[PDB]
Structure formats: structure tokens, C-alpha cells
Amino acid sequence: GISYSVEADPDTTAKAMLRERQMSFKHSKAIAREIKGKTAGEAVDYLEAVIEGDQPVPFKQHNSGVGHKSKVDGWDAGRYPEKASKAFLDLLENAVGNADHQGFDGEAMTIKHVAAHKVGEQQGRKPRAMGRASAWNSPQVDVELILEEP
Amino acid sequence: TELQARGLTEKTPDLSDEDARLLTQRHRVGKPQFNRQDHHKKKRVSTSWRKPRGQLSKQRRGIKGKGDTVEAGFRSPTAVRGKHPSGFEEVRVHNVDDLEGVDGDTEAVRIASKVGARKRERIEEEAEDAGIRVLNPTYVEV
Amino acid sequence: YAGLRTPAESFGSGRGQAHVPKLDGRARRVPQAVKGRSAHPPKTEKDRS
Amino acid sequence: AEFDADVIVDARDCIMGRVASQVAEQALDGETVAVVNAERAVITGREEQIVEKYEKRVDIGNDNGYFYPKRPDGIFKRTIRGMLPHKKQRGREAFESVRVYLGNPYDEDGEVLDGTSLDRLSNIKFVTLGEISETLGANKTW
RNA sequence: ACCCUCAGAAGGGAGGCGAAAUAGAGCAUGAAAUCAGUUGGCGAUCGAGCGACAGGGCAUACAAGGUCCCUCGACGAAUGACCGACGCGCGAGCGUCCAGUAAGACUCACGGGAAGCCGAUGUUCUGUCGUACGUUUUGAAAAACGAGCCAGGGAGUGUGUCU
RNA sequence: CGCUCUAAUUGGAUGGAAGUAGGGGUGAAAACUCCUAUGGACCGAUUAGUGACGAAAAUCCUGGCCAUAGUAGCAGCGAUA
RNA sequence: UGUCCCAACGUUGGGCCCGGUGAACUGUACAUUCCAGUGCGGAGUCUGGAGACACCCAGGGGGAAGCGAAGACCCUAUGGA
Ligand SMILES: [Cl-]
Ligand SMILES: [Cl-]
Ligand SMILES: [Cl-]
Ligand SMILES: [Cl-]
Ligand SMILES: [Cl-]
Ligand SMILES: [Cl-]
Ligand SMILES: [Cl-]
Ligand SMILES: [Mg+2]
Ligand SMILES: [Mg+2]
Ligand SMILES: [Mg+2]
Ligand SMILES: [Mg+2]
Ligand SMILES: [Mg+2]
Ligand SMILES: [Mg+2]
Ligand SMILES: [Mg+2]
Ligand SMILES: [Mg+2]
Ligand SMILES: [Mg+2]
Ligand SMILES: [Mg+2]
Ligand SMILES: [Mg+2]
Ligand SMILES: [Mg+2]
Ligand code: NA
Ligand code: NA
Ligand code: NA
Ligand code: NA
Ligand code: NA
Ligand code: NA
Ligand code: NA
Ligand code: NA
Ligand code: NA
Ligand code: NA
Ligand code: NA
Ligand code: NA
Ligand code: NA
Ligand code: NA
Ligand code: NA
Ligand SMILES: [Sr+2]
Ligand SMILES: [Sr+2]
Ligand SMILES: [Sr+2]
Ligand SMILES: [Sr+2]
Ligand SMILES: [Sr+2]
Ligand SMILES: [Sr+2]
Ligand SMILES: [Sr+2]
Ligand SMILES: [Sr+2]
Ligand SMILES: [Sr+2]
Ligand SMILES: [Sr+2]
Ligand SMILES: [Sr+2]
Ligand SMILES: [Sr+2]
Ligand SMILES: [Sr+2]
């Protein structure tokens, strides 16, 4: 598992983490990238809109074959990874919760840092023609989130 | 309130005229990197020098641009070869007794990294009193 | 006999692999193979006096 | 759209290649040059074989492309480009600080460069850039 | 342990223990390949053995390197003048004298200056040269063969006899 | 030049050894050395020895890993649910 | 009698976009190429020119003497059956 890769002042900061989540690591880099800098509350509203299909998530690196989306600004390819988005909603729920329990205005805090890290693959095997089997794995993803007072 | 190195830190050795001339030359002429051929093209190939042995090797055949190949002609002047850039001849020291017989006007001392702080303190004060410069001194807040 | 207790055979040309003796899909016996024999090891018959 | 040229050359009755060579030399030396009256520049030889050459350049091509200019404007500008390392920084800079014009958009008159002049009273076998362009099918806008 | 969060004996947060939890369970150390985030340099008009050697930009906590730059002067190898005077050539130009003089790489001294400043390191730009490596071969950049990448593994050894 | 272990002689280490990472110095070079961080217990030098002693390559071996790619497949069969 | 002249329209399943799941082949390096030439005479990488703003989607497969298999042909071996 990871450790926070960035320093954080406990007096004006709140943290949260996801562990070994079996979801697209590629969708996670995309989502992290997109919500960094936003306010928790904005992030949440943004991710609810993605899951609802009203807001696409720019796919700038893992974009092969991805169709263009008119609402993607400054870029072309985008999608709606609702699974990894729900995992981030859990992360944000935990973060904002911690934030509040400490006396902060959770929803109003800025996402100072958010990054996904691939911690491994849950291994699987798939039978194929001609007597062989090939890999059929699940990515395991850790993601860190640091909220910071405005 | 600030850090200061122990010992004769700013000390310089006395060199004959011909030695200062050759020291200055070595420093002006320098030498090529002499890294192994194509070490930059493959991570599994380290920089450590290996004679290019390929029958068709471009560096072996001596093509301009493929880097210089190690030859005796690149050797530094005998009279200065191995001297610290300050001009001192280095003496490896593992304890106080190693300071004995060292000429602080011509040699500087280098305390092995493996030597502890307790013993380094003694070596350092005995070196200064013997007029010997310590190349890798301890910095104390004075 | 270390490294030699195996009937490992090479498949030869055909399956895009180097001609290395294999058993149960594992390379064996030869010196370049992990778990293979020692090419020129210490020998008991050597006169060390 | 205004071109502060340090030099204004008059190509009228001047050998194109000889002017081109000096304009390139000067552009590389950092001069901003404006070649004027390009349509009147001249090129020696049999009009028939000269034109056959430029027509071939017009017919050459394929998907990648071989866009050859037809106006005296570009013919001349291209002639100069072939004398400049236009793909290198210094070469592109020189090339871009040179411009060719149909007629003379300036108030000042250009100067005639030494050695580039052709005496019509002593020559009959020569052609005019304008004549070449018209043959190539250019729209005689000049 | 207790507390908060959560669908939750999960996970997360805060907290407790210990010299150390970046010793919290395949739990000493923790390389490379490589991944996330980020810092420096380059970057959407431009060309490909990825560099070597020179020289510029930008970047640089300390430590382990401390030099570097400009005026002038001294020394001054090979080489080596202008100008001027005189004399030749149809001409481009040349000879003789000035003169082996002025100059001349390195090194040193005086005076002044730099501390991202000199070295060095990262990256990039310019110049010159440059179509990997190993092997096969008369001839390899080769449209001949080998390797996806990294780490570790991986080939003159013993006895007897002879020289 | 470097690696392993043996012996003699002689040193270093919890006032921080080996290793690793980044960085400074030396050597034509093999490679040597220092600084800082990490690490938390072992490590050298000289001399004479010992040898399962040095890798870029063998469609070399084993392990790990990237691009491929969020791609192919998750349709086709007289049983379209 | 749509085999053909000479093709058209339609049906079902794919293809395309979205959620989820999620491989493999292949990879010396670099790589935006084109026309000529050169070169072990069959070059994206050498030379000269030409062209060339970056990225992405769909496509049919011209080229990489494409990938797959240490040529089953031919010869050679004081080889095998
Ligand atoms: Cl992934
Ligand atoms: Cl020598
Ligand atoms: Cl064309
Ligand atoms: Cl060019
Ligand atoms: Cl004429
Ligand atoms: Cl000198
Ligand atoms: Cl041998
Ligand atoms: Mg697609
Ligand atoms: Mg079967
Ligand atoms: Mg390398
Ligand atoms: Mg074994
Ligand atoms: Mg561990
Ligand atoms: Mg080799
Ligand atoms: Mg001894
Ligand atoms: Mg090894
Ligand atoms: Mg594809
Ligand atoms: Mg064969
Ligand atoms: Mg036959
Ligand atoms: Mg037979
Ligand atoms: Na991309
Ligand atoms: Na858009
Ligand atoms: Na848009
Ligand atoms: Na066995
Ligand atoms: Na024996
Ligand atoms: Na002509
Ligand atoms: Na054309
Ligand atoms: Na630089
Ligand atoms: Na070969
Ligand atoms: Na070769
Ligand atoms: Na070839
Ligand atoms: Na592979
Ligand atoms: Na293979
Ligand atoms: Na039909
Ligand atoms: Na094709
Ligand atoms: Sr991409
Ligand atoms: Sr130490
Ligand atoms: Sr065969
Ligand atoms: Sr000229
Ligand atoms: Sr804690
Ligand atoms: Sr002189
Ligand atoms: Sr290896
Ligand atoms: Sr070995
Ligand atoms: Sr993969
Ligand atoms: Sr179905
Ligand atoms: Sr089917
Ligand atoms: Sr070219
Ligand atoms: Sr297709």
C-alpha cells in the first residue's frame, strides 16, 4: 500500500485513502486529474454528474479508440467511468467526514492533492483455444486524498 | 550560531614552480569521459569502461565522434598525478597514530568514512595541532 | 549428479524457443539454466595437498 | 505590409541567379533585403529550353507534393531559398528576412548590384521572369 | 484500547504502544525495469544510432571541488604583418627596406571584478564528426542472424601420463 | 583492477558497520575514495594463499515489469426472450 | 436461375457510441515521410532535394523484402532412418 506522497499540515488539512480497490486504474488517473483543485462539494457534484451521464471525464492518456465528446473542453476524448467515480465519492465522503469531525467545513475544503496508484493485480486465468490459458486480471488501486482549508 | 569546519580548512601546500605548472596543466587539459561505448543506448549497459571488442565497432576502429578509446597517451603528468585539486597529496587516516609521519605542508589527511565521531574528534584536534589539514572536516555550530 | 536428476529434453526447432532441455515446461540440467548443473564445480578427486 | 529593408535591389535586366547569390550572402550576414521588379529579372539561354525546365518542375509531384511557384514573385523567392540552408535556424531566419516584389511598392528606387547586370544591346538569347510566368499559365497580375 | 466514518470484525481518519509502525503480518534492508503525483530543462513550423568533443541558455541549500573573468605588464615556440619608402608587372599582383620587428598559445604578477560565481551536475541550443551493439562474412546500417525491458543466474574444470 | 574464503601482521564500528540512493574528489582505465540521506550490525588494509571470481548478447535460464489496451472477446449454432 | 450484363432495395446478428468485465500476438533503438541516388546490387534511418503544426476517431490493407515456423526445395556432412 501507499503512504501520503505529499506533506500535510494537520492544523489546516484532512486526509483519506482508498485501499486495493478493484477498479480501472486508468479511469482513476483520469478522474483524479480532473477533480484536483476543486472543492470537495464541487468534486461530488462533478462525479454525480458523470455517473448520471451529464458530464464526461476527459481521457487524455488512455484514450485509444475513445469517441469524442462535445462537452470535453480543450480536449476531445472523454467517457463516464461511473464505477471508479463511485469509489471516489466514497473517498470524498470519508474525507469530508474526517474534515468535519475535526471542526473544518468539509465540503468547502480544497482538494490539495489526489492521486491514484496501482498497488497490484488480482490474478485470474482465462481458457483459450488450442489448449492454453491466458491472463485475466483485476487491477488493485490505492488512492490518496488531502483536503486543505481555502 | 553558525556552522564552522574544524581544522586548517583554508590551508594550501607549498609546491615547486614546476609542480604548480603541471597541476595547472592537468586541470586545464582534463580528459574525455571514457565511458563504455553505447552505454547511453541501453540501461543494462553501464558506464564502466570496457575495451570495444567488436570487429566492426565504430569506436574500436576509431571513428571521430564515437568517443576516445583508453590509451597511455592520456595519462596525467607524473609529478602531479593523483593530487587533490588543492595540490595536496592525500593520506588515508583511520586513527590518531596514522597522523604520525605526515607532513602538513605537503600532505592533507582524509579520515576514512567508517571512522566514528568520537574517534574523529580526537583525530581532528591532533591533526590541527600538527598543522595538518583535514579534507573531510566536521562542522560544528559555533 | 546435482542438476542431473531429470529426464528434461529439448523440443528442438519449431515452437519459437531456444533449444534448451525442458521438463514440465521448466528448463533444466544445463549450466545456463536455473536449477541446472554446475559447469566446472569443486571436485572431490582433486589433490589439495 | 511594410518591410524595413536595409537594402532594396532592382532586378530589372539583372541575371536572376547572380542576384539571388548576392542576396543570400547578404541575408546570411544579417541584412533585410527586398528584391523589386522581379517580373523584369532575366535569365539567359534558349527561351525554349529554359521553359521546358520550368514546365517540368511544374509537372513534377505526387501526394507528398512538389509545389513549385509559377509567379515571378515565387520563382525568384524559390531561387534564393535553394541558396540558403532554409531548414536550419540561421538559414530560415535569413530566408525570412528577404522578400520579393512585383513592380516596386517602395518610394525609393532599388540599387543595381555589381556584376548582375545584363546589357540588352549585347544579348538576344535571354528570357524574362514575367515571360516565363505567362507561359506557365500564371495570371499576369503585374 | 477508546472515539469518528461506513452497509461493514472491511477500509479510512484521529489515537495508543515501541528507539523505530517508512518494524503492523511473505511485517530486517528495499536496487533496477516500471507506475502515480510533482520539480528543472525542452515543447504543437518541424527530422531520425539517441552521442563524442567545443561553445552558448536556463536550473542549483549545506557537505564532500574552488576557482573564474576583464585592463595593463612580464615571458614569448613555430609562424608572422599593416602602413610607409623604393623598384618591377599588360594586369590580378609582386620584389627590396622597415623586420624575423608589431603580433604570437601557455604560464605568471599588479589592479579591478564574479559566488549560480568557476568547476561539476540536469536539460536544451549551435558547430564539427557520426546509418547501434555482438556475430556471420571478401564485403553488415543492412532488405543476413540475435534480443521487448530490468535484476539475478550463465561457459578452460579434475585425475593420470607426456613435453 | 575487482570478487569469495584461509592464514600471518595490523586497523575501523551503536559517538552508527555492510548495503542502497543522490552528490563531491582521484586514476588513461579496470576501479578507488569522501559527503549527505536511509540503514541498524557487522567491516576492512597489507602480505602469502584459495577459487563454484567478473556478462549486453547464446530464438540463453528464472523472476519481475512496461507498451500493446481500457484494445480483441463477453454477437453468429433452427434454442433470437 | 442475379453465375454474369450491373447492380439495387430489404431482413437478422455484428460493426459504431455508453456501463461493466478484460486478454494475446508483437517490441535493438530511433521513427511525420516522399522522389531520386548510393550501399553486400531490393533504404522510414546513408546523400541530395522535396514535403512536413500536434493530437485523436473510423476504414480498406500499398510498404515495414509485416507477424507466425533455426527452408519440407537444392546442395554439403568420411550425419540418421
Ligand atoms: Cl492498468
Ligand atoms: Cl602507465
Ligand atoms: Cl505535387
Ligand atoms: Cl537546410
Ligand atoms: Cl545573344
Ligand atoms: Cl604551461
Ligand atoms: Cl582459457
Ligand atoms: Mg473506438
Ligand atoms: Mg482441449
Ligand atoms: Mg546505460
Ligand atoms: Mg543447482
Ligand atoms: Mg520489508
Ligand atoms: Mg560479448
Ligand atoms: Mg601487514
Ligand atoms: Mg552477474
Ligand atoms: Mg490499435
Ligand atoms: Mg538451418
Ligand atoms: Mg528431398
Ligand atoms: Mg542409413
Ligand atoms: Na495521450
Ligand atoms: Na472539446
Ligand atoms: Na468541447
Ligand atoms: Na527429479
Ligand atoms: Na582429493
Ligand atoms: Na542561365
Ligand atoms: Na510541381
Ligand atoms: Na550547459
Ligand atoms: Na552469426
Ligand atoms: Na553489425
Ligand atoms: Na541491405
Ligand atoms: Na511480451
Ligand atoms: Na524468446
Ligand atoms: Na442476390
Ligand atoms: Na498494409
Ligand atoms: Sr494514448
Ligand atoms: Sr560513515
Ligand atoms: Sr526444420
Ligand atoms: Sr561572396
Ligand atoms: Sr495513526
Ligand atoms: Sr620574439
Ligand atoms: Sr541480466
Ligand atoms: Sr561464473
Ligand atoms: Sr499488461
Ligand atoms: Sr444474445
Ligand atoms: Sr459463432
Ligand atoms: Sr535526409
Ligand atoms: Sr480493420
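Just so we're on the same page: letters track the sequence lines, and every chain starts at 1.
- Surrounding CD of C:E9 are at most 12 heavy atoms belonging to other residues, nucleotides or ligands under 6.0 Å away.
- Aromatic ring pairs are classed by plane angle as parallel below 30°, tilted from 30° to 60° and perpendicular above 60°; the pair A:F59 and A:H27 is tilted.
- With D:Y68 as the aromatic partner, D:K56 does not meet the cation-pi criteria of under 6.0 angstrom to the ring centre and within 45 degrees of the ring axis.
- When atom types are taken as modelled, the side chain of A:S24 and the backbone of A:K26 share a donor-acceptor pair closer than 3.5 angstrom.
- With hydrogens and angles ignored, the 3.5 Å screen pairs no side-chain donor or acceptor of A:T110 with any backbone N or O of A:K112.
- Heavy atoms from other residues, nucleotides or ligands lying under 6.0 Å from CD of A:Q140 number more than 12.
- B:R60 places a side-chain N or O within 3.5 Å of a backbone atom of B:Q55 that can act as its donor or acceptor partner.
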(request) For side chain to side chain contact (heavy atoms under 4.5 Å, CB included), just list the numbers for A:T13 and A:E148, CA-CA rounded to whole Å, side-chain angles, deciding distance to a tenth of an Å, and then say yes or no. (result) CA-CA 5 Å; A:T13 249; A:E148 179 183 59; 4.1 Å; yes
(request) Begin with the C-alpha distance, continue with both residues' side-chain angles, and end with the deciding distance and a verdict on side chain to side chain contact (heavy atoms under 4.5 Å, CB included) for C:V20 and C:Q32. (result) CA-CA 9 Å; C:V20 172; C:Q32 72 268 35; 4.2 Å; yes
(request) Please report the C-alpha distance between A:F25 and A:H117 in whole Å, then the side-chain angles of each, then the deciding distance to 0.1 Å, and finally whether the ring-ring contact (aromatic ring centres under 6.0 Å, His included) criterion is met. (result) CA-CA 7 Å; A:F25 171 53; A:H117 303 77; 8.0 Å; no
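- Within the 4.5 Å cutoff, side-chain heavy atoms of B:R81 are placed close to those of B:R75.
- Considering every non-hydrogen atom in both A:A115 and A:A32, the closest pair reads CA-CB, 4.3 Å.
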(request) List the steps, then state whether side chain to side chain contact (heavy atoms under 4.5 Å, CB included) holds for D:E55 with D:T135. (result) CA-CA 9 Å; D:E55 290 187 307; D:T135 294; 4.2 Å; yes
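- Cation-pi geometry between D:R57 and D:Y54 is satisfied (NZ or CZ under 6.0 Å from the ring centre, within 45° of the ring normal).
- For C:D24 (side chain) and C:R26 (main-chain N/O), no donor-acceptor pair under 3.5 Å exists by modelled atom type.
- Heavy atoms only, all atoms of each residue included: B:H84 and B:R133 are closest at CE1-NH2, 4.4 Å.
- Between C:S13 and C:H19, the side chains place a donor N or O and an acceptor N or O closer than 3.5 Å (distance only, hydrogens not considered).
- Counting heavy atoms from C-beta on, the side chains of B:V115 and B:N95 never come closer than 4.5 Å.
- Across all non-hydrogen atoms, the minimal contact from B:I111 to B:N136 is O-ND2, 2.9 Å.
- With 3.5 Å as the limit, one finds a donor-acceptor pair spanning the side chains of A:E144 and A:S5.
- Residues A:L47 and A:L92 meet the side-chain proximity criterion, which asks for heavy atoms closer than 4.5 Å.
- Side-chain N or O atoms of C:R28 include none that pairs as donor or acceptor with a backbone N or O of C:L23 at under 3.5 Å.
- Between the side chain of B:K83 and the main chain of B:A79, a donor-acceptor pair closer than 3.5 Å is present.
- To the nearest 0.5 Å, atoms CD (D:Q26) and OG1 (D:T32) are separated by 11.0 Å.
- For the pair A:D100 (side chain) and A:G106 (backbone), a donor-acceptor distance under 3.5 Å is present.
- Looking at B:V45 and B:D38, their side chains never come closer than 4.5 Å, going by heavy atoms from C-beta outward.
- A:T39 OG1 to A:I111 CD1: the interatomic distance, rounded to the nearest 0.5 Å, is 8.0 Å.
- Between A:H68 and A:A77, the closest heavy-atom pair is CD2-N, 4.1 Å.
- Rounding to the nearest 0.5 Å places CD1 of D:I132 at 14.0 Å from NZ of D:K70.
- Under a cutoff of 6.0 Å and an axis angle of 45°, D:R78 and D:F67 form a cation-pi pair.
- Across all their heavy atoms, A:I51 and A:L89 have their closest contact at CD1-CD1, 3.8 Å.
- Distance CG/B:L135 to OG1/B:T9: 9.5 Å, rounded to 0.5 Å.
- A:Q123 and A:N137 get closest at one heavy-atom pair: CA-OD1, 3.2 Å.
- With A:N94 contributing its side chain and A:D90 its backbone, the two residues share no donor-acceptor pair below 3.5 Å.
- Here the side chains of B:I132 and B:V91 are not in contact, with every heavy-atom distance at 4.5 Å or above.
- Within the 4.5 Å cutoff, the side chain of B:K119 has no heavy atoms near those of the B:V96 side chain.
- For the atom pair B:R118 CZ and B:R120 CZ, the distance stands at 14.5 Å (nearest 0.5 Å).
- For A:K83 (side chain) and A:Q22 (main-chain N/O), a donor-acceptor pair under 3.5 Å exists by modelled atom type.
- In this structure, CE on A:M23 lies 6.5 Å from CD1 on A:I31, to the nearest 0.5 angstrom.
- Using bins of under 30°, 30° to 60° and over 60° for the plane-to-plane angle, the ring pair D:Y101/D:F3 lands in the tilted bin.
- Counting heavy-atom neighbours within 6.0 Å of A:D73 CG, excluding the residue itself, gives a total of 12 or less.
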(message) If you apply the rule side chain to side chain contact (heavy atoms under 4.5 Å, CB included), what do you find for B:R6 with B:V134, and how did you get there?
(response) CA-CA 8 Å; B:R6 294 168 172 169; B:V134 172; over 6 Å; no
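- In this structure, B:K58 contributes its side chain and B:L56 its backbone to a donor-acceptor pair below 3.5 Å.
- Using modelled atom types, one finds a donor on one side chain and an acceptor on the other under 3.5 Å when comparing A:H62 with A:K29.
- Taking the side chain as every heavy atom from C-beta outward, A:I2 and A:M17 approach each other to under 4.5 Å.
- If you check the side chains of A:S134 and A:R128, you find a donor sitting under 3.5 Å from an acceptor.
- The local environment of CD in D:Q49 is crowded, with over 12 non-hydrogen atoms from other residues, nucleotides or ligands closer than 6.0 Å.
- Between A:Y80 and A:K69 the shortest side-chain heavy-atom distance falls below 4.5 Å.
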